[PDB]
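Working notes for the structure below.
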Amino acid sequence: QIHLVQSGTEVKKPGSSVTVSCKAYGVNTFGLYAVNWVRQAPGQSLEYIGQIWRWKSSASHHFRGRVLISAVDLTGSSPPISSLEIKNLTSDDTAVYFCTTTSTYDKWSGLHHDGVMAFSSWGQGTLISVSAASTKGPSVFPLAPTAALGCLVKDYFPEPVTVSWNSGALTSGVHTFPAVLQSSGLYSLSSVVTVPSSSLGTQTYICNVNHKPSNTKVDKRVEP
Amino acid sequence: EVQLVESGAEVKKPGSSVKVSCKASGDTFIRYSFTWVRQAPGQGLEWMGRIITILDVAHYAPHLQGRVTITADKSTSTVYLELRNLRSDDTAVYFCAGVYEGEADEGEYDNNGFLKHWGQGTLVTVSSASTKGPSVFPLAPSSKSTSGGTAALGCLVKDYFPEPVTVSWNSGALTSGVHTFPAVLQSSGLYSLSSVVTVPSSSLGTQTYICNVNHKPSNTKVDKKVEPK
Amino acid sequence: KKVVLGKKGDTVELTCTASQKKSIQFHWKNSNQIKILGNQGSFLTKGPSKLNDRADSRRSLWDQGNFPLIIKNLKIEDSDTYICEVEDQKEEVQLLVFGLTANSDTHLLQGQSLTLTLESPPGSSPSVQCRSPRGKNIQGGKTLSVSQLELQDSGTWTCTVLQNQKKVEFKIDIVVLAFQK
Amino acid sequence: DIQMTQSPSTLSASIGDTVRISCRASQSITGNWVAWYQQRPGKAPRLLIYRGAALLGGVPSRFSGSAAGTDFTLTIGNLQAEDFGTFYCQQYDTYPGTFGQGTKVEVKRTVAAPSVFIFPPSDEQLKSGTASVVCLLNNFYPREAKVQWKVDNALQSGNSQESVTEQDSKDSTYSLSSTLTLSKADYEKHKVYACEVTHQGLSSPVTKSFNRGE
Amino acid sequence: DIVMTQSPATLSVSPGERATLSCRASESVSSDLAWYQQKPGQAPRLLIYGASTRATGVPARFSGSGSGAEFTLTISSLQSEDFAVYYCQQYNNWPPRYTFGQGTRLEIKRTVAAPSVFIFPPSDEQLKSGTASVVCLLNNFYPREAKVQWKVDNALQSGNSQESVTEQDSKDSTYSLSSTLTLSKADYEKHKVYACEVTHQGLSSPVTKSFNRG
Amino acid sequence: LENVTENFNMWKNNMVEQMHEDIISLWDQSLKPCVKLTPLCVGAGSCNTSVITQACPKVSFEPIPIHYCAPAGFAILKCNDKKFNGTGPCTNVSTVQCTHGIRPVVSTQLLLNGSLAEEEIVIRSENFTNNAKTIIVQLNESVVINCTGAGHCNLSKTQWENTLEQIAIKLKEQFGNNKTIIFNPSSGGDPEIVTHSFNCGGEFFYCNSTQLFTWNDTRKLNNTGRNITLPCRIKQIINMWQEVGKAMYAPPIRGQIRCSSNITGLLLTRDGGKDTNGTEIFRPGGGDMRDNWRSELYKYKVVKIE
Ligand SMILES: *[C@@H]1O[C@H](CO)[C@@H](O)[C@H](O)[C@H]1NC(C)=O
Ligand SMILES: *[C@@H]1O[C@H](CO)[C@@H](O)[C@H](O)[C@H]1NC(C)=O
Ligand SMILES: *[C@@H]1O[C@H](CO)[C@@H](O)[C@H](O)[C@H]1NC(C)=O
Ligand SMILES: *[C@@H]1O[C@H](CO)[C@@H](O)[C@H](O)[C@H]1NC(C)=O
Ligand SMILES: *[C@@H]1O[C@H](CO)[C@@H](O)[C@H](O)[C@H]1NC(C)=O
Ligand SMILES: *[C@@H]1O[C@H](CO)[C@@H](O)[C@H](O)[C@H]1NC(C)=O
Ligand SMILES: *[C@@H]1O[C@H](CO)[C@@H](O)[C@H](O)[C@H]1NC(C)=O
Ligand SMILES: *[C@@H]1O[C@H](CO)[C@@H](O)[C@H](O)[C@H]1NC(C)=O
Ligand SMILES: *[C@@H]1O[C@H](CO)[C@@H](O)[C@H](O)[C@H]1NC(C)=O
Ligand SMILES: *[C@@H]1O[C@H](CO)[C@@H](O)[C@H](O)[C@H]1NC(C)=O
Ligand SMILES: *[C@@H]1O[C@H](CO)[C@@H](O)[C@H](O)[C@H]1NC(C)=O
Ligand SMILES: *[C@@H]1O[C@H](CO)[C@@H](O)[C@H](O)[C@H]1NC(C)=O
Ligand SMILES: *[C@@H]1O[C@H](CO)[C@@H](O)[C@H](O)[C@H]1NC(C)=O
Ligand SMILES: *[C@H]1O[C@H](CO)[C@@H](O)[C@H](O)[C@H]1NC(C)=O
Ligand SMILES: *[C@H]1O[C@H](CO)[C@@H](O)[C@H](O)[C@H]1NC(C)=O
């Protein structure tokens with residue numbers, strides 16, 4: 001059974017270069033499987049980058065001269081590995097990069113047509129986020145008041161932050177929104193809850209915010 | 001060098017079942033294969049079966065298959081022989097017999113048919129009769145038959161059961177010059193023997209002759225004065 | 001992830017079953033991947049494990065796709081997570097060896113308190129509960145005690161070691177006394 | 001390169017429905033070198049069908065592929081809970097392989113108007129020199145919504161951002177946040193702040209507002 | 001199914017002399033043949049096994065010979081203690097179905113001694129019982145062959161009576177028969193004379209010893 | 001040779017199981033016990049023992065080579081390589097009529113009269129990483145070993161010392177060069193597995209193989225000994241290899257039983273150690289006669305006609 005295991009998330013400065021890795025568990029030898037790399041920018045569709053097929057590598061027009069793709073057979077300690085190097089990173093390189101594998105053993109299969117192919121196994125993906133921002137813990141602000149109330153978790157880097165309410169005891173009616181990227185290049189998100197207006201002076205509501213990359217943890221009481 | 005001990009003699013009734021024990025001691029139990037050999041009175045040895053102890057497997061005699069079983073308790077070091085559906089002919093002295101087999105606890109096994117070590121023997125009487133002490137009857141010394149030297153007289157232990165019976169004369173003194181015959185099975189289902197002692201007539205009337213018959217089974221000890229009547 | 005509880009000095013049987021009823025390859029190892037004992041088709045192979053002279057299976061059950069792992073004279077330390085690599089399956093089973101041993105002689109005056117000590121493996125937190133001949137359901141996680149040992153408690157006690165849906169009895173004899181009448 | 005234009009961009013369906021998603025290639029593809037993938041939010045795509053109509057091993061047979069002229073279509077029969085998400089078509093006829101823009105398949109539901117709420121900047125934020133005004137639209141269907149910001153009656157452009165939750169697994173509604181950001185300086189200058197929302201469930205555009213300092 | 005026959009049903013011989021026993025077998029039993037010795041009232045005694053090998057602790061006068069279906073336990077200078085019945089055991093087939101010979105009595109042959117018949121009438125006490133028992137002893141004699149007849153009123157009637165020889169003795173080495181005619185009470189009283197005719201080999205001529213009721 | 005690339009898996013080779021089952025039936029009409037005991041359970045724990053008693057004819061069981069020819073609709077494919085893991089894609093495969101003559105020798109610990117390794121000593125393993133999977137060693141140079149019902153076997157101390165080396169070297173050449181290699185006797189288990197058991201003249205020999213597997217990657221053992229003498233023992237009551245259960249054979253009888261076999265291979269089984277310092281301990285193994293068969297069919301695979 002094929003599991004493709006990619007290297008972890010990276011945060012990279014513009015102009016820098018990065019190498020992402022792919023360990024192909026279940027793959028015998030890249031002599032029998034082609035590797036195709038593909039990327040997906042946020043809220044975007046998918047775009048082909050390049051390939052290594054029969055030990056021969058190559059890259060699409062949009063990426064030629066800027067990308068090196070390699071592959072090596074290994075055993076024991078490690079399965080076979082492919083990697084993708086990208087030079088001169090810019091903001092429009094920020095995306096999820098997927099490594100992908102397709103067996104080439106059977107000429108008649110129909111997964112492949114002279115080097116151009118469908119992709120039968122996918123890795124989890126690796127996020128490469130390209131940014132000059134430095135790590136920074138959030139400020140947390142109350143959103144005070146069926147009523148609604150919440151928390152604004154502002155100006156942090158990088159992702160993610162996690163939010164629970166009342167140490168996890170309040171989960172019904174809670175909406176925690178996807179983070180947005182502001183013009184400042186820092187993230188912000190909010191978390192809200194709807195509650196009956198009656199309990200507002202009787203019940204206590206606190207949002208528990210956790211930003212692990214900055215080792216920041218705050219507990220904010222939200223009062224009318 | 002083992003010593004085999006057996007269970008007591010048992011008096012079983014027809015159609016029943018009997019189990020005789022056989023304690024094996026003095027050596028390594030599992031290194032022996034035990035065999036039961038029965039012998040009916042007057043009759044001769046009949047192979048009942050043999051248990052390859054260690055293996056806990058036992059093969060039996062054709063005419064017994066089904067009604068006999070041989071088992072061994074390695075824990076207590078005992079061998080057992082069970083016959084079910086007892087008939088009268090099954091009445092016999094059941095012997096326990098064993099032979100060394102070799103480092104059987106090590107895989108070595110000679111699987112010997114002969115029997116080097118025998119039990120004391122256990123008697124089993126399978127009959128419809130009931131346990132009953134005997135009755136001694138004096139045998140008038142041939143006073144009008146034999147004279148000049150000595151005359152023979154004795155006792156007649158009649159109608160006793162099950163077996164066996166011991167006999168001694170004069171409290172146990174005159175045990176010499178006595179011919180105690182083997183008991184005999186009467187049609188009734190009971191046995192009856194006889195004891196006699198040819199002694200000088202000139203001693204009739206001073207040495208009150210008394211055969212001492214005992215029958216532990218019925219727990220009946222009997223003494224009878226054999227007056228020169 | 002099965003779990004079995006055992007009493008110190010007793011014999012426990014960690015099971016392990018094969019899908020079908022067929023004597024196949026199996027092997028008993030402990031967390032440290034130390035081989036306890038497997039089988040070589042029809043033969044039993046005992047490995048380097050310290051449980052060697054006390055480990056053992058049931059040849060007879062192998063044909064019923066059954067390959068236990070009986071451990072005798074069980075020791076507190078024998079407590080562990082014994083895997084069972086069989087036909088590419090890892091039936092990791094747990095083994096907890098508890099040991100209840102009263103302190104002062106079974107013979108104890110009237111009134112004095114009775115102290116019970118439960119020897120248990122590390123990372124193990126069982127909850128004991130003995131039951132006097134009368135009914136004292138007194139509780140004690142690791143170490144129990146009978147504040148005032150009443151004369152109606154002098155008899156057989158029925159404890160219990162709770163650890164993950166399982167429990168192990170530990171009948172103990174207690175004797176109360178007097179000044180005399 | 002071959003362009004694949006996918007149709008429609010979104011469709012709403014129910015469990016048990018039959019659904020059709022289509023893709024027009026900018027050139028003919030004689031060999032039928034086309035593939036379909038599914039992607040669920042947060043996860044890697046999965047290949048479902050290749051060569052136009054062939055099912056990959058392990059893919060339910062309620063999925064099928066079809067072709068006519070330059071059009072290729074995926075059909076989903078007996079629509080199932082795990083099927084919801086985004087679907088992509090891909091040509092691998094000619095180098096380089098290319099993907100359609102994608103189709104989102106979401107759960108059909110009755111219309112539900114948003115509950116609308118507006119939050120002024122907190123005193124703590126104002127103290128730290130910034131001001132964020134937040135408008136919340138809670139539990140509405142369908143997803144299409146417009147919110148406009150007005151301050152001192154002036155339409156606000158370029159200083160706001162929106163965020164939308166995934167469709168809720170239990171009531172199949174959406175929730176949305178809109179955040180208006182401005183300096184502490186301008187916030188303190190003007191009087192009335194308003195969130196104006198337009199939605200199918202609303203017989204008329206609803207305005208929630210406040211006056212600074214109430 | 002193997003039959004082991006010990007031809008010499010009885011062998012009379014004297015001490016010091018050489019005694020020979022022959023065990024005949026059905027099919028071949030190879031060498032899995034043992035010999036036993038049994039004293040009246042004792043467990044057998046393993047003499048020889050494997051046909052020609054003496055058991056640990058056994059007099060070298062006992063020779064084990066044979067192989068196949070012809071075995072022989074020949075004894076050199078027979079001994080006083082060597083009196084007993086001899087048995088051969090077959091234990092070659094497998095499955096186990098061992099069989100024994102029928103036996104052979106190794107009796108001491110001595111001088112033809114005549115029997116001294118003692119006729120004992122039924123004690124009145126015994127007659128008060130309900131039956132009568134006439135005992136016709138036959139003291140010390142040799143060839144155990146001693147035909148006895150019970151003649152009631154010179155009536156050759158032969159029925160209600162039962163013999164019982166004794167084993168070979170120690171000193172004398174003779175036998176003692178014991179025929180017992182057990183009649184009723186009403187039939188014992190119905191007859192006058194009760195004779196007992198002993199016809200022994202060592203008896204010059206038939207010897208009738210009887211008595212009349214009284 | 002056949003101009004094609006195919007997959008092979010001696011560890012999942014079906015001929016092994018086809019021969020094994022044959023060798024067993026080659027045993028049910030040549031070596032029949034006086035009694036054979038075998039487990040019999042309904043599943044309800046309680047297990048009666050099924051006993052069987054048949055004639056116990058002393059036959060001098062002398063194994064005849066066995067060929068395996070594909071019938072029709074079937075073809076045997078042989079792999080060719082001086083060092084074949086026997087588990088993967090073979091390049092120099094080639095169709096053959098019958099497999100080489102194989103003498104179905106049933107034994108444990110040592111593989112007798114098998115087939116030597118052409119090049120050098122090779123060691124296959126369904127997974128060397130798994131301290132549970134037998135390591136099948138294949139000698140490129142056999143070591144004569146002579147056993148006698150008299151009670152032992154002689155082996156060349158020289159040849160055996162070398163062999164352990166040219167094996168100990170092939171081991172670390174798989175588990176890590178910078179790793180010490182040691183050889184210890186059986187860990188425990190059945191007599192048939194703990195000693196070098198095998199059958200000679202129909203007699204089940206049980207040779208203690210301690211002197212053969214107590215080699216430390218440091219010292220020797222040739223003081224006052226030219227040849228290694230394993231104290232062997234013939235048993236009558238044995239654990240069956242064909243199936244769980246004991247079996248009793250009749251005692252020896254022939255004036256003399258003798259064997260002179262080629263130690264063409266071993267069956268080792270290193271102990272886990274739970275990733276402890278480089279000190280792999282390998283001990284005798286086997287008992288699963290299939291590994292045997294395997295060591296002979298490792299480079300074969302019968303296939304259906306096309
Ligand atoms: C990026 O690569 C270009 C050519 O693609 C080269 O001219 C330039 O020096 C590189 N930039 C950096 C920062 O290395
Ligand atoms: C013994 O095994 C038999 C199987 O033949 C089974 O039916 C029976 O219940 C078991 N119990 C006995 C008879 O010992
Ligand atoms: C050859 O041996 C290596 C070493 O363990 C093993 O990984 C591989 O599966 C074997 N077969 C191949 C693929 O060459
Ligand atoms: C293999 O055998 C040759 C001789 O046949 C020997 O010289 C060589 O060293 C062996 N390879 C090893 C060390 O395993
Ligand atoms: C190889 O053996 C290791 C343990 O030694 C095991 O974890 C691994 O799964 C085995 N290889 C496979 C995938 O069969
Ligand atoms: C084994 O016996 C053979 C004869 O078959 C002999 O040549 C050889 O020297 C013997 N090997 C020993 C005893 O080391
Ligand atoms: C062995 O490990 C490496 C080889 O992989 C070697 O460089 C190192 O020096 C050695 N260390 C040990 C374990 O002695
Ligand atoms: C022979 O083997 C036994 C166990 O099978 C072992 O305990 C003994 O020490 C060995 N003797 C030799 C030859 O070293
Ligand atoms: C292995 O080493 C131990 C201790 O170092 C020693 O007692 C043993 O004899 C050695 N094995 C041999 C005989 O080579
Ligand atoms: C060790 O003994 C062997 C014979 O057992 C002998 O051939 C060898 O020369 C000895 N070792 C040396 C070189 O002393
Ligand atoms: C096989 O073993 C015999 C027995 O010792 C030996 O003499 C012969 O040379 C060996 N032949 C082989 C396979 O080299
Ligand atoms: C082959 O090995 C067997 C082991 O079972 C042995 O008995 C036989 O003698 C060997 N071949 C020869 C030389 O006869
Ligand atoms: C390896 O040897 C022992 C293994 O028991 C271990 O304690 C030690 O730390 C390791 N290294 C040394 C000291 O050789
Ligand atoms: C054999 O050689 C031919 C050369 O035309 C080639 O096609 C074929 O693949 C080769 N087979 C092997 C050994 O891989
Ligand atoms: C198998 O074919 C290869 C390719 O030419 C060759 O190198 C090798 O020697 C051949 N093996 C044999 C001897 O069959």
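If you're wondering about the labels, chains in the structure tokens are A, B, ... by order shown, residues count from 1 in each chain, ligands from 1 in order shown.
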Exercise answer, 8 Å around ligand 2 with only C-alpha atoms and all ligand atoms, as a PyMOL selection string: chain F and resi 40-42+46-50
Atoms to include: C-alpha atoms. Write the selected residues as a PDB file, in the first residue's frame.
```
ATOM      1  CA  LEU F  40      -8.280 -32.811  19.449  1.00  0.00           C
ATOM      2  CA  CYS F  41     -10.284 -29.873  20.745  1.00  0.00           C
ATOM      3  CA  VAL F  42     -13.784 -28.552  20.065  1.00  0.00           C
ATOM      4  CA  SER F  46     -10.655 -29.266  27.145  1.00  0.00           C
ATOM      5  CA  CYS F  47      -8.590 -31.225  24.616  1.00  0.00           C
ATOM      6  CA  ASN F  48      -8.651 -34.998  24.291  1.00  0.00           C
ATOM      7  CA  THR F  49      -5.663 -36.610  22.644  1.00  0.00           C
ATOM      8  CA  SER F  50      -6.342 -38.673  19.556  1.00  0.00           C
TER       9      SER F  50
END
```
Shell of 9 Å around ligand 14 (only C-alpha atoms and all ligand atoms), written as a list in words: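 Listing the residues within 9 Å of ligand 14 gives residues 1, 2, 3, 4, 5, 91, 92 and 93 of chain F.
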Env. residues ligand 5 / 9 Å / only C-alpha atoms and all ligand atoms / as an MDAnalysis selection string: (chainID A and resid 26 76) or (chainID C and resid 33 88) or (chainID F and resid 126:133 272)
Exercise: region 68-75 of chain D partners within 8 Å, only C-alpha atoms, chain neighbours under 6 positions left out, as a list in words: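 What passes the distance filter is residues 18, 19, 20, 21, 22, 23, 24, 25, 26, 27, 28, 29, 34, 36, 52 and 62 of chain D.
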Å distance separating CA of residue 46 (chain A) from CA of residue 9 (chain D), one decimal place: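 Computed distance, CA of residue 46 (chain A) to CA of residue 9 (chain D), equals 15.2 Å.
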At most 8 Å from ligand 1 (only C-alpha atoms and all ligand atoms): residue list as a ChimeraX atom specification: /A:15-16,65-66,87-88
Interface rows for chain F against chain B: nearest pair, Å to one decimal, 9 Å, only C-alpha atoms, as JSON lines:
```
{"residue": "F:35", "atom": "CA", "partner": "B:57", "partner_atom": "CA", "distance": 8.4}
{"residue": "F:37", "atom": "CA", "partner": "B:55", "partner_atom": "CA", "distance": 8.5}
{"residue": "F:51", "atom": "CA", "partner": "B:57", "partner_atom": "CA", "distance": 7.4}
{"residue": "F:53", "atom": "CA", "partner": "B:59", "partner_atom": "CA", "distance": 8.8}
{"residue": "F:233", "atom": "CA", "partner": "B:108", "partner_atom": "CA", "distance": 8.7}
{"residue": "F:234", "atom": "CA", "partner": "B:108", "partner_atom": "CA", "distance": 7.3}
{"residue": "F:235", "atom": "CA", "partner": "B:107", "partner_atom": "CA", "distance": 4.7}
{"residue": "F:236", "atom": "CA", "partner": "B:108", "partner_atom": "CA", "distance": 5.3}
{"residue": "F:237", "atom": "CA", "partner": "B:107", "partner_atom": "CA", "distance": 4.6}
{"residue": "F:238", "atom": "CA", "partner": "B:107", "partner_atom": "CA", "distance": 6.4}
{"residue": "F:246", "atom": "CA", "partner": "B:55", "partner_atom": "CA", "distance": 8.6}
{"residue": "F:248", "atom": "CA", "partner": "B:109", "partner_atom": "CA", "distance": 8.3}
{"residue": "F:249", "atom": "CA", "partner": "B:109", "partner_atom": "CA", "distance": 8.7}
{"residue": "F:250", "atom": "CA", "partner": "B:110", "partner_atom": "CA", "distance": 7.4}
{"residue": "F:251", "atom": "CA", "partner": "B:110", "partner_atom": "CA", "distance": 5.8}
```
Per-residue DSSP, region 81-148 of chain C, filtered to strand (DSSP E), as a count of residues only: 33
Which of region 45-276 of chain F DSSP labels alpha helix (DSSP H), written as a list in words: residues 157, 158, 159, 160, 161, 162, 163, 164, 165, 166, 167, 168, 169, 170, 171, 172, 173, 174, 175, 191, 192, 193 and 194 of chain F
